[PDB]
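Chains as they are written, first to last, in the authors' numbering: chain f, 847 to 885; chain t, 2 to 437; chain a, 449 to 576. A virtual CB, placed ideally from N, CA and C, is assigned to each residue, including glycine.
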Amino acid sequence: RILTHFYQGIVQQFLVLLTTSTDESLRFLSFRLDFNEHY
Amino acid sequence: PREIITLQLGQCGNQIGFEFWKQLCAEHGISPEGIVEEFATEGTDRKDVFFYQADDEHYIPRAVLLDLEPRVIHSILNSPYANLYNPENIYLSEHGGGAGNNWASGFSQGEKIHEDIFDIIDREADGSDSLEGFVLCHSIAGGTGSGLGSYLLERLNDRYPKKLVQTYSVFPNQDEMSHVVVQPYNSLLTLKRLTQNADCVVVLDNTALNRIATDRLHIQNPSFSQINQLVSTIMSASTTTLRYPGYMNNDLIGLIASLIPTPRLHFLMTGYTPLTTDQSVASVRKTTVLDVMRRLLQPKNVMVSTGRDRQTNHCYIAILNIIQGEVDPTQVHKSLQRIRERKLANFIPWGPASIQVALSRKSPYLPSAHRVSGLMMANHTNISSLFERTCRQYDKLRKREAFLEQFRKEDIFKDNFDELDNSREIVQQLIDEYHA
Amino acid sequence: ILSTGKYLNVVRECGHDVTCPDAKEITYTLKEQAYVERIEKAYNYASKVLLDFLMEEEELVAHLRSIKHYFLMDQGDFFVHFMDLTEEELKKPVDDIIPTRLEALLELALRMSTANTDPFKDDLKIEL
C-alpha cells in the first residue's frame with residue numbers, strides 16, 4: 847500500500863508536467879494523458 | 002458541468018414536459034432517433050446542458066416521469082418522439098399506479114415505494130460530478146401531482162442540500178367547483194412546501210391561459226391540447242442563456258440569484274408576446290428592438306390574474322427582459338434609455354431597482370432567425386392578490402363543513418389547516434412590509 | 449515608394465511566382481507629377497492582392513474572432529469552467545509543477561464545452 851501511494855504520486859506528478867505545455871504539439875500530448883486516466 | 006435533472010410529475014406535469022423535450026429537437030437540429038442534419042454543432046455551440054451527454058451522438062434526456070394515472074404515458078409510446086426516451090431510466094412497459102384521486106394517496110405512497118423512488122433517479126445524479134440542481138416539473142391541480150410532489154420537496158432538501166431547487170409549477174383553474182372540490186385543500190398543502198421547503202417557483206395561472214387562448218389564438222371550445230403550446234416555448238425561452246452560448250447569467254443559479262429579494266418572496270410574473278404566425282410577413286422590414294419592451298411592462302402578456310387598480314401602492318423590485326435571436330445590439334441600450342422616462346415600473350422607495358436585459362442567439366431556423374422574441378421574468382408585489390384569492394376560498398370552505406370528515410380518515414390525526422393559513426399570511430404580510 | 453517597397457518584400461515571401469506587377473513598365477515622363485501616377489499604380493495594386501490574400505487564406509477575420517473571444521471574453525460556456533479551475537489553483541502560492549497542471553486544464557475544457565473549432569484555439573499559451 848505504501849508503494850501504491852508512491853505510484854499514484856508519481857503519476858500525478860507525471861500529468862502535471864505533461865500539462866505544463868511548451869506548445870510545440872504539447873497540447874496534443876496533454877490531451878492524451880487525461881484521456882487515459884479518466885476513460 | 003451544468004447538468005439539471007427535470008422532475009416531471011403528475012397528470013399535467015408530464016404533458017407539459019413531453020412537448021418541452023419535443024421542442025428541443027427542432028431547435029437543436031436533431032431527430033429523436035437519429036442525426037440527419039449537421040446544424041447541431043456549427044449552429045448550436047452547446048447541447049449537453051439539459052440532455053445527457055452523448056454515447057453515439059444520441060442526446061438522452063435527463064428526465065423522469067412518474068404518475069399514478071397510466072393514461073398520460075399511454076399517449077406517449079405511439080408518438081415517434083418516445084424512442085428518444087429510454088424504457089429503463091424511469092419505467093419499462095406497462096407501468097401503473099393508484100386508483101386514484103387524493104392528496105393523501107401520493108403523500109402516503111412516497112414512503113412505501115421509498116426504496117425504488119430513491120434508486121433509479123439517483124443513477125443520473127453521479128453522471129456529472131458537479132450537479133446543478135433539481136427542477137420539479139409538477140402540477141398543483143389534482144391530487145396526483147400535488148400529493149406526491151410535496152414529499153420530494155422534503156427528502157431532497159437534506160439529501161442534496163447544496164443544489165438549486167426551483168420549479169415551473171402550473172396553477173389550477175378556479176372557474177367552477179363541480180368536477181373537483183378538493184382544489185383549496187391540495188393546493189395550499191403544496192404551497193407551504195413551495196416557500197420553506199423550496200427556494201423559488203415560476204407561477205403559471207390557469208385562468209390567465211384562456212385569457213390568452215382567446216386573445217389572439219381564436220378558439221371556440223377550449224381544449225387541453227392548447228395548454229402545452231404557451232408553456233413549452235417559455236420553458237425553452239428561460240434556458241436560452243443556458244442552452245445557447247451566453248456570457249452573463251448563463252446558469253440557472255445565475256438568473257434566479259439576480260431576481261429573488263428574500264426567501265418566501267420568489268413568485269415571478271411571466272410574460273411572452275410573440276405567438277402569431279401572420280406577423281412573419283412584415284418582419285422583413287427591420288422590425289427593431291425599440292418597440293418590443295414597451296409592451297412587456299404593459300399588462301397585456303401577463304400570465305398572472307391580478308388586480309388592475311392595485312399597482313399604485315405596489316412596487317416592482319426586479320424585472321427581467323430577455324431578447325432572443327436577432328437583437329440589433331447597437332440599439333439595445335437605446336431601448337433601456339426609454340425606461341426611466343415613462344416609469345412604467347413602480348420602484349421601491351427603500352432601495353434600488355434593476356431592469357436587466359440579456360441576449361443570446363437562437364436556433365439556425367427560419368421562424369427563429371427572423372422574428373423578435375421577448376421573454377419577461379417580472380417580480381411585482383401585487384402577487385398577494387392570488388394569495389388573497391386562495392385564502393378567501395380556503396376559510397370559506399372550512400365553515401361549510403366540506404371535506405373535514407372525508408379527508409382525515411387516512412394519515413391525518415391533527416388539524417394542520419391553520420398551519421397553512423398563518424404561513425400564507427406571513428407571506429402576505431412580509432410582502433407589504435417589504436416596501437418601507 | 450518605401451511603403452510599396454516594404455510591401456513587395458512580403459509578397460516575395462509568400463511565393464516567387466506571385467509578384468505584384470501587373471506590368472507597368474516604361475515610365476518616368478520628364479514632367480512634374482510623373483512620380484505620383486507611379487505611386488498610385490503601385491499602391492492600388494497593394495490594395496488589390498491583399499484583399500485577395502489575407503481575407504481568403506490567412507484569415508484575419510477568423511483570427512480576430514478568436515482573439516475577441518478570450519480577452520474580450522465571449523463564448524461564456526467553455527470560459528466559465530476554466531476560470532473556475534484557474535481560481536482553484538490561484539488561491540495559494542504556486543509550486544513548480546502547478547503551472548503545468550494549469551496548462552492541462554486549458555485544453556481539457558476546450559473539448560468539454562466545445563468552441564467554434566478546437567484545434568484552432570491552441571494559440572493560447574498561459575503566462576502569469
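Taking the beta carbon of a:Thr548 as reference, the chain f residues within 8 Å of it are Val862, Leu863, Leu864, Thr865, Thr866 and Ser867, listed in sequence order. Within the same chain, Cβ atoms closer than 8 Å to the Cβ of t:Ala27 are found at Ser364 and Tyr366, the five residues on either side in sequence being excluded. Residue nearest to t:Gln167 within the set t:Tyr60, t:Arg409 and t:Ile254 is t:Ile254 (criterion: CA-CA distance). Its chain contains no residue whose beta carbon lies nearer than 6 Å to that of t:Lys113 once the 5 sequence neighbours on both sides are disregarded. Following the DSSP letters along the chain, one finds t:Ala319 inside the beta strand (DSSP E) bounded by residues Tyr317 to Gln325.
In chain order, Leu553 place their CB closer than 6 Å to the CB of a:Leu533, counting only its own chain and leaving out the 5 sequence neighbours on each side. By DSSP's assignment, t:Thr7 forms a beta bridge with t:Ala64 and t:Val136. Using beta-carbon distances, a:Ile545 counts as an interface residue toward chain f, with a partner under 7 Å. Proximity of a:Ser514 to chain t, defined by a Cβ-Cβ separation below 7 Å, is not satisfied. The shortest C-alpha to C-alpha distance from t:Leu93 to any of t:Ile74, t:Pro81 and t:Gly99 is the one to t:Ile74. With a threshold of 7 Å between beta carbons, f:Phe852 makes no contact with chain a. Sequence-ordered contacts of the stretch 46-67 of chain t with chain a read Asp46 and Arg47 [C-beta pairs closer than 7 Å].
Contact between the stretch 203-223 of chain t and the stretch 854-862 of chain f is absent, with fewer than three C-beta pairs closer than 8 Å. One finds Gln523, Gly524 and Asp525 in chain a with Cβ atoms closer than 7 Å to the Cβ of t:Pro246, taken in chain order. At the C-beta level, t:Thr274 and t:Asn302 come within 7 Å of one another. Within chain f, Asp880 have C-beta atoms less than 7 Å from the C-beta of a:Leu556, given in sequence order. If you ignore the 5 residues before and after a:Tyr455, its C-beta comes within less than 7 Å of the C-beta of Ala494, all in its own chain and listed in chain order. Around the beta carbon of t:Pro353, fewer than 16 other beta carbons sit within 10 angstroms, so the residue counts as exposed. Those residues of the stretch 2-34 of chain t placed with their C-beta closer than 9 Å to a C-beta in chain a are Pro2 and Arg3, ordered along the chain.
In the structure shown, t:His381 falls within a strand segment according to DSSP collapsed to helix, strand and coil. DSSP places a:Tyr493 within a helical segment (H, G or I) once states are collapsed to three. At least one C-beta of chain f is nearer than 7 Å to the C-beta of a:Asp570.
With its beta carbon less than 7 Å from one in chain t, a:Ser561 belongs to the interface.
The C-beta distance from t:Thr382 to t:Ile432 rounds to 5 Å, short enough to meet the 8 Å contact threshold. Among the residues facing chain a, t:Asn222 is not included, as its CB has no counterpart in that chain under 7 Å away. Non-local beta-carbon contacts of t:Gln332 in its own chain, meaning distances under 7 Å to residues more than five positions away in sequence, involve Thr289, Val290 and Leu291 in chain order. Residues of the stretch 84-107 of chain t with a Cβ closer than 7 Å to any Cβ of chain a: none.
DSSP, read as helix, strand or coil, puts a:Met503 in helix.
Taking a 10 Å sphere around the C-beta of a:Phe526, we find 16 or more other C-beta atoms and assign the residue as buried.
Spatial neighbours of a:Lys472 in its own chain (CB-CB distance under 6 Å, excluding positions within 5 residues in sequence) are listed in chain order as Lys489.
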